[PDB]
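One structure is given here, and the rest of the page talks about it.
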Protein chains: 2
Amino acid sequence: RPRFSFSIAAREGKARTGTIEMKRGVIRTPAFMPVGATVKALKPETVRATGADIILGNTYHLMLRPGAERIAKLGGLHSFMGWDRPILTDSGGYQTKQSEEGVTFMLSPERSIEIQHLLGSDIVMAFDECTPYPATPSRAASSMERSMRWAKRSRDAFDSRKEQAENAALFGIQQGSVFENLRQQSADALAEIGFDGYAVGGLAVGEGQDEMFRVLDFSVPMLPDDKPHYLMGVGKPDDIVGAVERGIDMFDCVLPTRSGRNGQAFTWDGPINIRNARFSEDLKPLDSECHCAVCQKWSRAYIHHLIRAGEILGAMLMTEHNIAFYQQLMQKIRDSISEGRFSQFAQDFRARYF
Amino acid sequence: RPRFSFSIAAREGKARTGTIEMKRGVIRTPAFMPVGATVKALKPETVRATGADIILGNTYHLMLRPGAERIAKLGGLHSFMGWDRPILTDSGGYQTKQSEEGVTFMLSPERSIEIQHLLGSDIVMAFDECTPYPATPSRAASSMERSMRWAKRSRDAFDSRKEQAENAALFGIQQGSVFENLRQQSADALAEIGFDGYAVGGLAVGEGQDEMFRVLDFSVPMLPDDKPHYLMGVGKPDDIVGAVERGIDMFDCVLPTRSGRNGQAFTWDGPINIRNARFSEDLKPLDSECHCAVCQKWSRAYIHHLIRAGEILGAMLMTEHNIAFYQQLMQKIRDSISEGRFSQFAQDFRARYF
Ligand SMILES: Nc1nc2c(CCNCC3CCCC3)c3[nH]c(NCCc4ccccc4)nc3cc2c(=O)[nH]1
Ligand SMILES: Nc1nc2c(CCNCC3CCCC3)c3[nH]c(NCCc4ccccc4)nc3cc2c(=O)[nH]1
Ligand SMILES: [Zn+2]
Ligand SMILES: [Zn+2]
């Protein structure tokens, strides 16, 4: 496989399905990336069995513990955690004294790219500022412009590290809050620098689905069509469907994992809270259709018991199911786009989910 | 398979190796029984892969949540938790207003046997009193005598339930504290009633290994030779070896599970606490020889990181390793007895473990 190759196999409206080929493996798009140096309560083999092709790691948390340098000493993140497929790392740009140099908590564009190198990241995110919401036009602009200067510094840091440049990919992050002209300026800046892929940053920061969707409507077309489009931090199953309808190819969210531990299970009929007393003697699986190993073997009643009891196995089972659900959603999306029936799938999904 | 058949295949001194055959499966002895309606942080398939043939459940905890009747409604403990092999249940006699009728917390011999039935237990423990340590001779005697009266009531309750009597086994529990004459009286009483197996109760209650061993020296020979001998709540790897040298066939302990979650890993060179800084960059597996999946795939360094971070996967990995260690210990014991070299194994084990 090449360092990076994105190929679109089929389209329906703005939606696309295809593959990203990288040295450590192939990524099917639209893709959901479970978030980790562990995907909480799952062994990597379990993550893989659910259908994930790539997972996310984090510059900020890993740099604190166990340390970037320590992980490199030990062989890199892949060997450390036992996941041999691609890993995307965020830059630390979401998760203090700020300056043009970077942020003291030190993290700058250069340090962020170095940490991702030390971790052995396959997909490296530029170091950005995730603009708070709401933001005035002035502040959104100032923040966006800084991020574009940091995007150039990120590019140059990545490129000056031969091993990194030859084996990893670099994504740029569009900012601009909810303002069309700032999103356009940002897209233009990023395309001028040139990246392997383009994220839509600064959303899922409290604006609400309708606003998020309105911003995606004009922002995604601004990005290079022939490169992947990554919506950072999204989201609920319905957010995902609507975002793919607007041209997004990649997603990460802590919801399936976090939710899972707190008792929320995703189903095709909508989310359920398994701790509710109504499930205490319910012998059916979490979801009627789900092909995951949890739904093949255990009942709602048992998982209800486990979560109310605080048992670790409850977290394990809920998290495996939810990540499997998300991957099954992505597979249905991929298949429906490839077959030219995604708009019908989206409508069907929504009518049942809601 | 029959309801219950114990066969001794080989002996060395007081040590024995063989099999217990029951309807849900075969149990290799000497046996270690992991303790659970979950073996903490492990799926049942994982428990089975470590080599366990039987696991333990608990009358007391299950009767509180989710309830005995509720579990029966749902199909019994085996279907509920997804473990289809034998299950031994304790009576609640270790774990309030006491009277000859039973104990109010209500639990009596009759209720205890009924709860174990409702759970679908394969090996049912008589309802007893675990005599506090230290105990004077008077109190130990009074307590032992009550337990023997409760043993008869347990026998009669079990026998009056046809389904239970035809499909499950019943073990009696010897008491008498540390006093030889009370242990003999108790053994005699239990043999007169007649059970499928005989536990040594009232040990591992703070007396210390030397005293425990001295009591086993005279107490185990008092029990029927042709029936299994179960030492309740023991213990550390070295307790297990010494107890098998004294005629014990079955063991349960929460140590491998509890220890695992708290950072203590068992190794052939003795226990280690994985949180110690010395393991932070140690790429070796938990144990050099261990065949478990954890030692095949992850380093001390990674598990160190996980446990210090409070990650669930750390508990999962530590617990799988420790239960695998215990099963490998049992296999080495079984093999060494069958080959007539257990005394040498015991000495070798101790010299390296300590
Ligand atoms: N560099 C960068 N990162 C962003 C992130 C983090 C994406 N997940 C990273 C993982 C790395 C490890 C942790 C996260 C975002 N996450 C969200 N929404 C999350 C909202 C949410 C919160 C809790 C639950 C569900 C959703 N918006 C984000 C915007 C940006 C952004 O502009 N720039
Ligand atoms: N009916 C009965 N049960 C006893 C138990 C419980 C055995 N494990 C049951 C499982 C069912 C679910 C929970 C336990 C005992 N456990 C111990 N020692 C444990 C000491 C220990 C404590 C903590 C960690 C390691 C060892 N002595 C015991 C004596 C008796 C006894 O006479 N009668
Ligand atoms: Zn499922
Ligand atoms: Zn191991």
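Throughout, chain A uses Swiss-Prot numbering, with the displayed residues spanning 11-46, 49-107, 115-124, 134-382 in order.
Here the Cβ of each residue, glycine as well, is placed from N, Cα and C on the backbone.
For A:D102, the entry in Swiss-Prot reads active site, proton acceptor, with the evidence type sequence analysis. Summarising the annotation, Swiss-Prot assigns substrate binding site to A:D102, A:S103, A:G104, A:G105, A:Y106, A:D156, A:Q203, A:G230. The region 'RNA binding' annotation in Swiss-Prot covers A:261-267, A:285-289. The feature active site, nucleophile is assigned by Swiss-Prot to A:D280, with sequence analysis given as support. Annotated Zn(2+) binding site per Swiss-Prot: A:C318, A:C320, A:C323, A:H349, in sequence order.
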Set of same-chain residues at least 6 away whose C-beta sits under 8 angstroms from A:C323 (Zn(2+) binding site)
A:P313, A:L314, A:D315, A:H349
Where A:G104 (substrate binding site) and A:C318 (Zn(2+) binding site) are concerned, what is their Cα separation in Å, rounded?
35
If you run the three-state DSSP split on A:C323 (Zn(2+) binding site), which class comes out?
helix
End to end over the 2 unmodelled residues, the distance in Å from the Cα of A:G46 to that of A:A49 rounds to 6
Please check the gap where 9 residues are unmodelled: Cα of A:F124 to Cα of A:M134, in angstrom.
6
If you draw a 10 Å sphere on the Cβ of A:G105 (substrate binding site), how many other Cβ atoms land inside?
25
Across every protein chain in view, the count of C-beta atoms other than its own within 10 A of the C-beta of A:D280 (active site, nucleophile) is 22
Measure from the Cβ of A:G104 (substrate binding site) and count the other Cβ atoms within 10 Å, all protein chains considered.
24
Residues satisfying Cβ distance under 8 Å from A:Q203 (substrate binding site), sequence separation of at least 6:
A:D156, A:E157, A:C158, A:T159, A:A168, A:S171, A:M172, A:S175, A:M176, A:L210, A:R211, A:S214, A:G229, A:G230
